[PDB]
Amino acid sequence: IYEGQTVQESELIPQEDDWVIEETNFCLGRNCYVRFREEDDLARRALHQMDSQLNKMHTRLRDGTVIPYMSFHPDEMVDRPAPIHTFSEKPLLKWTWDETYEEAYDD
Amino acid sequence: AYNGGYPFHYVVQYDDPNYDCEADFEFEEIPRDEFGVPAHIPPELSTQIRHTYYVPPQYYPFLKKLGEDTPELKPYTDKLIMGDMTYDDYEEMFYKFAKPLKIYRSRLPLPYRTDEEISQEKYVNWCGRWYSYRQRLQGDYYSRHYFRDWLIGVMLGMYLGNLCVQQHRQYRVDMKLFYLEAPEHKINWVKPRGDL
Amino acid sequence: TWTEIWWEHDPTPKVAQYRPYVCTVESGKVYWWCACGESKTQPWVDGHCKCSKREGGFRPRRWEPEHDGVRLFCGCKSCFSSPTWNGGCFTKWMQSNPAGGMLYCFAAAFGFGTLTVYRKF
Amino acid sequence: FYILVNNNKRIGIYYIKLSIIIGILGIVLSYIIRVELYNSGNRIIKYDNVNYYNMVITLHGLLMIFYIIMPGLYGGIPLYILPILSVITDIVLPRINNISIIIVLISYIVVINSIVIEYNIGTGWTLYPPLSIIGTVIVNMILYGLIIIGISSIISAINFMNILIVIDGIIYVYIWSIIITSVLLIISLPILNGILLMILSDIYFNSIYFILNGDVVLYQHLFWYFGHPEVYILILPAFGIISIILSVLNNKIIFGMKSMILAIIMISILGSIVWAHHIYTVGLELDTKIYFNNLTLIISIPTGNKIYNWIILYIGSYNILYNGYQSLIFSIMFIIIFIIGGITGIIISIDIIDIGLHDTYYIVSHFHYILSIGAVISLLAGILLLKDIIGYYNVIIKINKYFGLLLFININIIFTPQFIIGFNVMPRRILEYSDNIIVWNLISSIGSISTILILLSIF
Amino acid sequence: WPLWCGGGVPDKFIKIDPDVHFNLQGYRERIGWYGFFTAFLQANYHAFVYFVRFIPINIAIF
Amino acid sequence: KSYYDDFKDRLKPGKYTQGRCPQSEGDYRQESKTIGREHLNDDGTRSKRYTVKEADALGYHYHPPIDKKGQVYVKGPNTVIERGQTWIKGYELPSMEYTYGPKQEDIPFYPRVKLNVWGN
Amino acid sequence: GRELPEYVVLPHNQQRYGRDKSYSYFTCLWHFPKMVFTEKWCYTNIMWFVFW
Amino acid sequence: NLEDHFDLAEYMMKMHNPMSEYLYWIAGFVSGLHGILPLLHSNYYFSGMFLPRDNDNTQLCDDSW
Amino acid sequence: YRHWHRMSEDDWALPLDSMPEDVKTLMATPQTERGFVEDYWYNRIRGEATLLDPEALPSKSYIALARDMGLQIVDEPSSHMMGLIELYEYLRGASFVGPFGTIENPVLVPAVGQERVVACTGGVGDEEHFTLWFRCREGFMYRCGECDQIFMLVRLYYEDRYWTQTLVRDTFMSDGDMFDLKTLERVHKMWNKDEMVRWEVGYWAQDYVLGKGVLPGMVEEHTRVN
Ligand SMILES: CCCCCCCCCCCCCCCCCC(=O)OC[C@H](COP(=O)([O-])OCC(O)COP(=O)([O-])OC[C@@H](COC(=O)CCCCCCCCCCCCCCCCC)OC(=O)CCCCCCCCCCCCCCCCC)OC(=O)CCCCCCCCCCCCCCCCC
Ligand code: HEA
Ligand code: HEA
Ligand SMILES: [O-][O-]
Ligand SMILES: [Cu+2]
Ligand SMILES: [K+]
Ligand SMILES: [Zn+2]
Ligand SMILES: [Zn+2]
Ligand SMILES: [Zn+2]
């Protein structure tokens with residue numbers, strides 16, 4: 001069963017005595033129904049919808065990396081509402097292993 | 001080892017220069033293979049015959065230059081000069097000198113991160129380890145609490161079930177006394193109504 | 001008992017009261033709940049407790065009611081549904097006075113047993 | 001275009017749209033039934049038009065099963081998300097997907113047209129001979145609808161099976177749920193077609209299979225050999241939805257994924273070999289009865305494992321997250337409701353108990369709690385979860401605690417009393433009844449009118 | 001065939017130009033009513049080829 | 001505070017039932033005559049000619065997008081060279097107030113927490 | 001290759017379209033029949049279907 | 001095109017003509033009528049009344065109405 | 001690749017009837033201005049002209065020899081691009097498995113657009129977690145919320161175009177000395193004499209330079225019936 005990543009005590013040792021757990025808000029913000037402008041036409045309302053996607057949002061950490069909107073299933077990865085053609089570039093499921101080959105390295 | 005040994009694409013030769021396998025309907029022309037073997041000589045026999053590539057001798061000096069500049073390539077070029085290179089030898093030469101394309105990570109543009117942010121990498125990793133430590137411990141804590149609680153449900157379901165056991169128990173006692181003592185039980189009482 | 005015996009890196013509150021605080025709340029207003037049990041304006045942060053000063057990992061707990069009404073609020077500072085009350089105040093009390101906890105639980109179970117047995121029988 | 005579209009997501013919307021439309025006719029028939037059963041006497045159907053009631057109950061059952069819940073849970077949600085869950089661009093067979101929905105609509109038009117034009121008589125949704133074969137042409141029309149529906153179901157099953165060849169990710173539990181239902185259809189439908197053809201032969205080709213020296217019990221074997229696999233073809237997609245909703249909304253990874261998957265496979269195999277629990281009162285041999293009773297009770301084991309794995313998904317979830325969303329409430333309500341339906345199923349599984357409870361309203365309440373409550377709520381919960389992805393609006397459902405509460409209360413007012421009258425006893429498929437059963441029938445009728453009123457508040 | 005067994009056609013011998021073959025804007029006016037009937041009949045060559053191969057055996061059975 | 005009052009101005013109440021005048025007062029069924037809008041109706045919806053009567057999937061208005069070199073127009077990233085390194089600045093979505101309306105302030109705090117897993 | 005302006009000024013000055021007016025539960029009961037009997041595109045499509 | 005990105009773009013962008021919704025509801029309403037109209041027709045055909053009067057197939061008191 | 005179907009006949013060579021009839025202009029067109037068919041026949045005519053001249057091969061440098069055959073001398077820029085192209089193509093029908101990504105070496109996610117859907121499965125063994133799907137947009141260093149695996153998007157973009165073998169060849173290959181038609185004629189007479197054609201491509205090519213129909217048997221070769 002999965003119980004999280006394994007931690008060695010050495011990795012829990014801080015580099016400063018004042019280090020605490022970063023208090024970054026992971027609430028993306030306040031939202032509601034997407035509100036279109038009357039002036040916008042069909043094309044410009046499409047752009048508006050594409051700019052309100054929660055799955056394109058993320059939270060930036062103190063070191064500049066961002067934790068993205070994540071989901072257990074790929075159903076939450078398409079634009080909402082679903083466009084006619086979704087996964088043009090095949091979504092990549094990344095598997096990890098310990099195998100390596102020499103060609104990838106240089107001395 | 002694919003398609004029964006039949007090559008998907010292969011060369012065929014015809015002796016008559018104006019021959020067309022689709023327009024003509026003659027029955028004397030015999031097609032040849034890429035090496036020139038007539039079709040009436042079976043594959044099992046022709047494949048045993050040794051065929052070697054013969055280049056014009058004017059190419060020998062070029063093939064010699066190739067061997068000297070690349071010594072690993074010399075044995076194959078020597079076979080070609082001496083007319084000892086079969087198709088298999090050519091294939092071995094071809095695949096021996098094929099190399100994979102190289103990707104350089106140093107040429108990849110990086111997502112923008114300020115120097116202040118780059119100095120906090122160790123801190124963020126430190127936070128991540130403590131989050132994984134707290135996650136793993138909580139799993140044990142929660143598993144113990146809730147699976148223990150489920151026992152309260154077993155006991156509550158055993159108490160409520162026992163209430164119906166007692167009702168059923170009393171029901172059976174009552175039933176045993178109906179035909180024996182109950183005045184509600186009457187015999188020689190119901191008389192046939194008869195047809196209307 | 002997570003803070004007491006399992007994990008020593010989370011802030012541990014002080015019990016202000018082993019009973020919920022009853023308060024009238026209004027929709028559209030934001031309330032701040034004391035998570036350390038040392039505020040003198042319970043159940044709210046008073047501006048002088050640990051939560052107000054952001055000391056020792058204590059922070060005010062934001063809360064907002066959907067509708068107006070009277071709501072129960074946690075005094076033990078450990079209820080699972082904090083700031084709201086769900087009975088954790090009694091549970092935490094039993095941990096601190098296990099003999100008393102048994103008395104109440106026996107009495108509650110005794111009443112439940114009598115009523116359910118009397119009606120079904 | 002509208003009818004020419006091959007987009008798998010558009011077709012999924014069509015399936016839901018058509019299920020709601022046809023569903024209006026289904027609910028109306030249900031209201032007729034409950035109105036009639038409000039007291040003893042004739043209320044809305046004349047005593048000389050009792051054949052209409054027999055037709056109402058027959059069409060109600062057939063439409064709700066084959067034209068509403070099956071097109072909604074096996075055609076609607078599946079065609080919209082399955083190709084996305086499989087990280088594939090579109091469904092494997094685009095043109096087949098288009099014709100399947102068109103076929104469903106055409107078979108629906110045939111059925112309703114047969115109401116209007118043919119004499120109205122009924123033989124139940126189980127079309128038992130010899131009654132089914134001595135009827136009028138409306139029975140012939142209904143047979144054509146079922147056969148046509150069967151074509152759409154099988155080709156759709158072929159479509160989903162081909163996802164195994166193209167799936168570019170991991171087969172999630174929901175994908176496993178649809179694949180197994182597809183397998184159940186591929187194995188059960190061909191048997192149904194055969195027995196339906198024999199019904200036609202006796203109706204239209206002067207065949208004699210269902211007259212003396214021919215065993216009428218033969219039909220019941222072949223029919224129910226498809227019948228019970230059908231009830232799991234209708235519930236398994238619902239189980240798949242419940243798994244996704246609980247994991248997503250609680251932010252918890254599915255626990256025992258492989259046991260969930262192997263529980264679905266197990267239910268299918270067992271569901272393919274227990275059909276004769278519908279034929280307990282015919283007079284089968286003692287050993288046959290014992291075999292079927294034994295295997296029927298076994299189905300509870302895999303079904304029970306799934307229920308408990310769902311419970312732990314909801315346990316321990318963060319309190320800060322708002323739990324009043326309609327999708328979450330419906331998913332939780334499914335566990336509470338399905339256990340009631342399943343337990344009563346185990347009660348009726350005991351054949352000796354079944355002698356008393358066969359062809360009584362206890363059976364009705366049993367399969368309503370699972371389908372009319374559980375399956376409906378599962379389809380609603382699934383659509384609600386995909387509201388943003390689907391994009392529909394102009395309804396007040398997403399956060400409506402009144403709708404959920406009123407629906408739960410009133411739906412139970414309808415069918416809980418039907419368990420009581422099962423020991424009264426009130427037979428099924430009847431309109432008139434003794435005056436001493438009015439109270440419970442009246443209470444259920446009050447429940448039916450109320451549920452309909454609550455359906456208007458969503459708009 | 002325009003598949004593995006063959007390949008493309010040299011431009012010297014292409015006779016159905018896609019630019020003219022497609023762009024059906026107002027094609028009915030260009031072909032007229034008799035042309036429309038001709039095009040419909042010519043669209044069913046595949047079905048005609050089948051019926052020419054299928055009918056004879058059925059005549060024999062009849 | 002009332003967040004609706006922040007974006008009340010953007011929401012001007014409507015005049016027509018279903019947002020359209022009677023077809024007599026304005027014919028929204030006709031195709032727009034505006035240059036560059038030949039594929040749209042007057043009210044902004046796609047015209048039946050563009051989508052049905054002369055749909056490109058049926059062979060109308062044949063126009064291959066790919067060029068001779070097998071290329072199509074692609075918009076590049078926002079590149080910013082700095083500190084002896086070529087960087088790419090990602091596109092951040094606009095403030096949710098612009099798209100949704102509510103002012104992004106007083107957001108409740110939901111901390112990062114790794115998945116709630118069962119242990120032991 | 002086509003050149004288009006950033007914007008176009010229409011010849012008329014009629015604001016025909018915009019946000020919906022607030023509607024009640026039974027607004028459809030009068031608006032729908034109004035469209036059928038008063039909007040040309042609706043009653044020309046009905047007559048065409050019935051006639052043929 | 002941007003207009004073609006979303007399936008049913010007019011509806012999703014909230015510009016669709018309301019008549020489409022009206023037709024959908026009308027279609028559902030017609031479907032419902034297939035259960036009520038034949039009920040009335042069949043009742044009249046075999047009885048002469050479109051709908052019965054509660055308990056008119058049983059013996060009624062003199063003052064019953 | 002495993003996802004590709006069977007080689008066509010064209011994948012090996014093109015029919016001589018697809019040779020452009022204006023050979024004189026073909027051999028003078030810059031590489032950036034040559035289409036796929038024109039580029040095929042430019043390389044074949046020029047490459048076979050040098051290969052069918054044995055006496056000059058030993059004195060020709062590999063740089064010049066590669067240019068004549070149309071082969072691109074490799075360098076780190078072009079190797080990087082070609083490699084990432086072939087990696088993109090491989091991932092079209094193959095699994096995505098590799099070492100755990102870190103800040104020093106993020107998981108490289110090739111894409112043509114500005115976004116590609118990616119799933120993190122965690123580490124190996126017990127460090128593997130359930131698929132967590134996220135949208136990998138350019139310009140952000142992504143970190144999995146569960147295992148802290150670092151991801152990064154790599155875009156195959158160059159000057160309003162994506163990366164293709166044709167683009168790489170055009171951007172980095174430099175046209176050499178203009179091809180001399182005298183070489184074509186000289187080699188033509190070498191291998192084609194007295195009704196024997198041992199350079200068919202050079203017999204057709206010389207015929208076109210002469211104006212089409214000039215050489216023996218070529219009018220009959222160009223006369224077709226359908
Ligand atoms: C269970 C219920 C409760 C459920 C509650 C829970 C629900 C939860 C949420 C579920 C959400 C599911 C997913 C939704 C996705 C929506 C996607 C969407 O909107 O797609 C866009 C799609 C189309 O939008 P678009 O892209 O703009 O399409 C443009 C068109 O393609 C092109 O535009 P066009 O204008 O060119 O269109 C052509 C148009 C042209 O139209 C016109 O010209 C119309 C002219 C006016 C005619 C009006 C009707 C007249 C009737 C007269 C009757 C006279 C009777 C006289 C009796 C006399 C007696 C004495 O139409 C036609 O030409 C063909 C129309 C054919 C369809 C209508 C058939 C009607 C019934 C016919 C029955 C015939 C029976 C014959 C029997 C014969 C026996 C012998 O939307 C729709 O089609 C409307 C959908 C609206 C509802 C969406 C769902 C909302 C949420 C649920 C609300 C509750 C609904 C409850 C069910 C209904 C209850 C009644
Ligand atoms: C989707 C709908 C559905 C579902 C899931 C089921 C599920 C079950 N049904 Fe079915 N049933 C119908 C729909 C359904 N049924 C219909 C529509 C009819 C009537 C058709 C007609 O006659 O016209 C019918 C009829 C029917 C009868 C006929 C009674 C009669 O004709 O007189 C019987 C009896 O064997 C039966 C049994 C079962 C059993 C034993 C299950 C099992 O699947 C239940 C399993 C679930 C549980 C057991 C609860 C969850 C598990 C646990 C909580 C574990 C712990 C429990 C135990 C250890 C027991 N059903
Ligand atoms: C899944 C199928 C289904 C559904 C939903 C229902 C729903 C209902 N049924 Fe059911 N019923 C059957 C299948 C179903 N029934 C079958 C198969 C029989 C036996 C047939 C026979 O005897 O021959 C039967 C028999 C039956 C009878 C027995 C009549 C008799 O034979 O004597 C009665 C009345 O007592 C009844 C009443 C109801 C009521 C009041 C509702 C509901 O109205 C209760 C209220 C619930 C709702 C109104 C919501 C329903 C909404 C939808 C279904 C649409 C969902 C669509 C989406 C979510 C997109 N039903
Ligand atoms: O049917 O269970
Ligand atoms: Cu069954
Ligand atoms: K009655
Ligand atoms: Zn405090
Ligand atoms: Zn408390
Ligand atoms: Zn991860």
# chains A, B, ... in the order shown; residues from 1 in each chain; ligands from 1
call {"tool": "residues_near_ligand", "arguments": {"ligand": "ligand 9", "cutoff": "10 Å", "atoms": "only C-alpha atoms and all ligand atoms", "output": "ChimeraX atom specification"}}
result
/A:5,94 /I:100-101,119-123,127-133,143-151
call {"tool": "interface_residues", "arguments": {"of": "chain F", "to": "chain G", "cutoff": "6 Å", "atoms": "only C-alpha atoms", "output": "ChimeraX atom specification"}}
result
/F:14-21,23
call {"tool": "write_last_selection", "arguments": {"atoms": "N, CA, C and O atoms", "output": "short mmCIF file (atom, residue, chain, number, x, y, z; two decimals), in the first residue's frame"}}
result
data_model
loop_
_atom_site.label_atom_id
_atom_site.label_comp_id
_atom_site.auth_asym_id
_atom_site.auth_seq_id
_atom_site.Cartn_x
_atom_site.Cartn_y
_atom_site.Cartn_z
N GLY F 14 -30.51 43.68 -18.25
CA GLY F 14 -30.88 43.55 -19.65
C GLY F 14 -32.23 44.16 -19.98
O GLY F 14 -33.06 44.43 -19.11
N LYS F 15 -32.44 44.38 -21.28
CA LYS F 15 -33.65 45.00 -21.81
C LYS F 15 -34.57 44.03 -22.52
O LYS F 15 -35.79 44.13 -22.38
N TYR F 16 -34.02 43.10 -23.29
CA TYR F 16 -34.80 42.18 -24.10
C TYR F 16 -34.91 40.82 -23.42
O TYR F 16 -33.95 40.34 -22.81
N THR F 17 -36.09 40.20 -23.53
CA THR F 17 -36.26 38.84 -23.05
C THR F 17 -35.46 37.89 -23.93
O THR F 17 -35.67 37.83 -25.14
N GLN F 18 -34.54 37.15 -23.31
CA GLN F 18 -33.60 36.26 -23.97
C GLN F 18 -32.54 37.01 -24.76
O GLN F 18 -31.84 36.41 -25.58
N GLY F 19 -32.40 38.32 -24.52
CA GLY F 19 -31.28 39.08 -25.05
C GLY F 19 -31.31 39.36 -26.53
O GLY F 19 -30.26 39.64 -27.12
N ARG F 20 -32.48 39.31 -27.16
CA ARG F 20 -32.62 39.61 -28.58
C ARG F 20 -33.89 40.42 -28.81
O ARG F 20 -34.91 40.17 -28.18
N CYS F 21 -33.80 41.39 -29.72
CA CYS F 21 -34.97 42.14 -30.14
C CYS F 21 -35.83 41.28 -31.06
O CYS F 21 -35.36 40.28 -31.62
N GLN F 23 -37.31 39.80 -34.32
CA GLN F 23 -36.62 39.68 -35.60
C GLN F 23 -37.00 40.81 -36.53
O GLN F 23 -36.20 41.22 -37.38
#
call {"tool": "interface_residues", "arguments": {"of": "chain A", "to": "chain B", "cutoff": "8 Å", "atoms": "only C-alpha atoms", "output": "ChimeraX atom specification"}}
result
/A:3-7,11-15,19-22,61-65
call {"tool": "interface_residues", "arguments": {"of": "chain F", "to": "chain C", "cutoff": "8 Å", "atoms": "only C-alpha atoms", "output": "list in words"}}
result
residues 1, 2 and 108 of chain F
call {"tool": "closest_residue", "arguments": {"among": "H:22, H:65, H:29, H:46", "to": "chain G", "atoms": "only C-alpha atoms"}}
result
H:22
call {"tool": "closest_residue", "arguments": {"among": "B:143, B:106, B:70, B:77", "to": "chain F", "atoms": "only C-alpha atoms"}}
result
B:143
call {"tool": "residues_near_ligand", "arguments": {"ligand": "ligand 4", "cutoff": "7 Å", "atoms": "only C-alpha atoms and all ligand atoms", "output": "JSON, numbers by chain"}}
result
{"D": [227, 228, 231]}
call {"tool": "write_last_selection", "arguments": {"atoms": "C-alpha atoms", "output": "PDB file, in the first residue's frame"}}
result
ATOM      1  CA  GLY D 227     -32.471 -10.666 -17.347  1.00  0.00           C
ATOM      2  CA  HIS D 228     -30.238 -10.808 -14.349  1.00  0.00           C
ATOM      3  CA  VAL D 231     -29.564  -5.695 -13.749  1.00  0.00           C
TER       4      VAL D 231
END
call {"tool": "closest_residue", "arguments": {"among": "B:14, B:60, B:8, B:171", "to": "residue 39 in chain B", "atoms": "only C-alpha atoms"}}
result
B:14
call {"tool": "interface_residues", "arguments": {"of": "chain A", "to": "chain D", "cutoff": "6 Å", "atoms": "only C-alpha atoms", "output": "PyMOL selection string"}}
result
chain A and resi 74-75+80-82+87
call {"tool": "residues_around", "arguments": {"residues": "residue 371 in chain D", "least_positions_apart": "3", "cutoff": "12 Å", "atoms": "only C-alpha atoms", "output": "PyMOL selection string"}}
result
chain D and resi 61+64-65+68-70+73+230-236+238+334+337-338+340-342+364-368+374-379+411+415
call {"tool": "residues_around", "arguments": {"residues": "residue 191 in chain D", "least_positions_apart": "3", "cutoff": "12 Å", "atoms": "only C-alpha atoms", "output": "ChimeraX atom specification"}}
result
/D:147,150,184-188,194-198,219-227,229,272
call {"tool": "residues_near_ligand", "arguments": {"ligand": "ligand 7", "cutoff": "10 Å", "atoms": "only C-alpha atoms and all ligand atoms", "output": "ChimeraX atom specification"}}
result
/C:13-14,16,32-55,58-61,77
call {"tool": "residues_near_ligand", "arguments": {"ligand": "ligand 2", "cutoff": "6 Å", "atoms": "only C-alpha atoms and all ligand atoms", "output": "PyMOL selection string"}}
result
chain D and resi 231-232+234-235+277-278+296-297+300-301+303-304+339+342-343+345-346+348-349+354+357-359+363+367+370-371
call {"tool": "residues_around", "arguments": {"residues": "residue 9 in chain I", "least_positions_apart": "3", "cutoff": "8 Å", "atoms": "only C-alpha atoms", "output": "compact mmCIF listing (two decimals) with N, CA and C atoms, in the first residue's frame"}}
result
# COMPACT_ATOMS: atom_id res chain seq x y z
N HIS B 9 9.26 -5.56 -49.77
CA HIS B 9 9.65 -4.99 -51.05
C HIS B 9 10.88 -5.71 -51.58
N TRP E 4 1.35 1.12 -48.86
CA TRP E 4 2.76 0.60 -48.84
C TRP E 4 3.15 -0.04 -50.13
N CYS E 5 2.23 -0.74 -50.79
CA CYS E 5 2.57 -1.50 -51.99
C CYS E 5 2.91 -0.59 -53.17
N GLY E 6 2.48 0.66 -53.12
CA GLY E 6 2.77 1.61 -54.18
C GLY E 6 3.27 2.95 -53.66
N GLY E 7 2.63 4.03 -54.08
CA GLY E 7 3.08 5.36 -53.70
C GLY E 7 2.28 6.42 -54.43
N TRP I 12 11.76 4.30 -50.44
CA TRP I 12 13.08 3.91 -50.92
C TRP I 12 13.58 4.81 -52.04
N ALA I 13 12.76 5.02 -53.07
CA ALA I 13 13.15 5.87 -54.18
C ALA I 13 11.90 6.40 -54.87
N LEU I 14 12.09 7.47 -55.63
CA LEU I 14 10.98 8.06 -56.37
C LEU I 14 11.04 7.68 -57.84
call {"tool": "closest_atom_pairs", "arguments": {"of": "chain C", "to": "ligand 8", "cutoff": "7 Å", "atoms": "only C-alpha atoms and all ligand atoms", "output": "JSON lines"}}
result
{"residue": "C:18", "atom": "CA", "partner": "ligand 8", "partner_atom_place_in_ligand_line": "1 (Zn)", "distance": 6.9}
{"residue": "C:20", "atom": "CA", "partner": "ligand 8", "partner_atom_place_in_ligand_line": "1 (Zn)", "distance": 6.5}
{"residue": "C:74", "atom": "CA", "partner": "ligand 8", "partner_atom_place_in_ligand_line": "1 (Zn)", "distance": 3.9}
{"residue": "C:75", "atom": "CA", "partner": "ligand 8", "partner_atom_place_in_ligand_line": "1 (Zn)", "distance": 4.9}
{"residue": "C:76", "atom": "CA", "partner": "ligand 8", "partner_atom_place_in_ligand_line": "1 (Zn)", "distance": 3.9}
{"residue": "C:77", "atom": "CA", "partner": "ligand 8", "partner_atom_place_in_ligand_line": "1 (Zn)", "distance": 5.1}
{"residue": "C:78", "atom": "CA", "partner": "ligand 8", "partner_atom_place_in_ligand_line": "1 (Zn)", "distance": 5.1}
{"residue": "C:79", "atom": "CA", "partner": "ligand 8", "partner_atom_place_in_ligand_line": "1 (Zn)", "distance": 4.0}
{"residue": "C:82", "atom": "CA", "partner": "ligand 8", "partner_atom_place_in_ligand_line": "1 (Zn)", "distance": 6.9}
{"residue": "C:85", "atom": "CA", "partner": "ligand 8", "partner_atom_place_in_ligand_line": "1 (Zn)", "distance": 5.7}
{"residue": "C:87", "atom": "CA", "partner": "ligand 8", "partner_atom_place_in_ligand_line": "1 (Zn)", "distance": 6.5}
{"residue": "C:88", "atom": "CA", "partner": "ligand 8", "partner_atom_place_in_ligand_line": "1 (Zn)", "distance": 4.6}
{"residue": "C:89", "atom": "CA", "partner": "ligand 8", "partner_atom_place_in_ligand_line": "1 (Zn)", "distance": 3.6}
call {"tool": "select_by_dssp", "arguments": {"residues": "chain G", "states": "alpha helix (DSSP H)", "output": "CSV table (one decimal) with N, CA and C atoms, in the first residue's frame"}}
result
chain,number,residue,atom,x,y,z
G,27,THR,N,-42.3,33.0,-17.5
G,27,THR,CA,-42.1,33.9,-18.6
G,27,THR,C,-42.1,33.1,-20.0
G,28,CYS,N,-41.8,31.8,-19.9
G,28,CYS,CA,-41.8,31.0,-21.2
G,28,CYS,C,-43.2,30.9,-21.7
G,29,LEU,N,-44.2,30.9,-20.8
G,29,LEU,CA,-45.6,30.6,-21.2
G,29,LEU,C,-46.1,31.6,-22.3
G,30,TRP,N,-45.6,32.9,-22.2
G,30,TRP,CA,-46.0,33.9,-23.2
G,30,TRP,C,-44.9,34.2,-24.2
G,31,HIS,N,-43.6,34.0,-23.8
G,31,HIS,CA,-42.5,34.3,-24.8
G,31,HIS,C,-42.5,33.3,-25.9
G,32,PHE,N,-42.6,32.0,-25.6
G,32,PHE,CA,-42.6,31.0,-26.6
G,32,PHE,C,-43.7,31.1,-27.6
G,33,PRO,N,-44.9,31.2,-27.3
G,33,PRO,CA,-46.0,31.4,-28.3
G,33,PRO,C,-45.7,32.7,-29.1
G,34,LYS,N,-45.2,33.7,-28.4
G,34,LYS,CA,-44.9,35.0,-29.1
G,34,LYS,C,-43.9,34.7,-30.2
G,35,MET,N,-42.9,34.0,-30.0
G,35,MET,CA,-41.9,33.7,-31.0
G,35,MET,C,-42.5,32.9,-32.2
G,36,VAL,N,-43.4,31.9,-31.9
G,36,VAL,CA,-43.9,31.1,-32.9
G,36,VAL,C,-44.8,32.0,-33.9
G,37,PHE,N,-45.6,32.8,-33.3
G,37,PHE,CA,-46.6,33.6,-34.1
G,37,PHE,C,-46.1,34.9,-34.6
G,38,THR,N,-44.9,35.4,-34.1
G,38,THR,CA,-44.5,36.7,-34.5
G,38,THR,C,-43.1,36.7,-35.1
G,40,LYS,N,-40.6,35.6,-37.9
G,40,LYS,CA,-40.8,35.0,-39.3
G,40,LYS,C,-40.1,33.7,-39.4
G,41,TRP,N,-38.8,33.6,-39.0
G,41,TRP,CA,-38.1,32.4,-39.2
G,41,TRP,C,-38.8,31.2,-38.5
G,42,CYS,N,-39.5,31.4,-37.5
G,42,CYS,CA,-40.2,30.3,-36.8
G,42,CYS,C,-41.5,29.8,-37.6
G,43,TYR,N,-42.3,30.8,-38.0
G,43,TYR,CA,-43.6,30.3,-38.6
G,43,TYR,C,-43.4,30.0,-40.1
G,44,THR,N,-42.3,30.4,-40.7
G,44,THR,CA,-42.0,30.0,-42.1
G,44,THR,C,-41.5,28.5,-42.1
G,45,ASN,N,-40.8,28.2,-41.0
G,45,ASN,CA,-40.3,26.8,-40.9
G,45,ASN,C,-41.4,25.8,-40.5
G,46,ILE,N,-42.4,26.3,-39.8
G,46,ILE,CA,-43.5,25.5,-39.4
G,46,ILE,C,-44.4,25.2,-40.6
G,47,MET,N,-44.8,26.2,-41.3
G,47,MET,CA,-45.6,26.1,-42.5
G,47,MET,C,-45.0,25.2,-43.6
G,48,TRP,N,-43.7,25.4,-43.8
G,48,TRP,CA,-42.9,24.6,-44.7
G,48,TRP,C,-43.0,23.1,-44.4
G,49,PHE,N,-42.8,22.8,-43.1
G,49,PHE,CA,-42.8,21.4,-42.6
G,49,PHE,C,-44.2,20.8,-42.8
G,50,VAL,N,-45.3,21.6,-42.4
G,50,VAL,CA,-46.6,21.0,-42.5
G,50,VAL,C,-47.0,20.8,-43.9
G,51,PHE,N,-46.7,21.8,-44.8
G,51,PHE,CA,-47.2,21.7,-46.2
G,51,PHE,C,-46.6,20.5,-46.9
call {"tool": "atom_distance", "arguments": {"atom1": "CA of residue 314 in chain D", "atom2": "CA of residue 246 in chain D"}}
result
6.5 Å
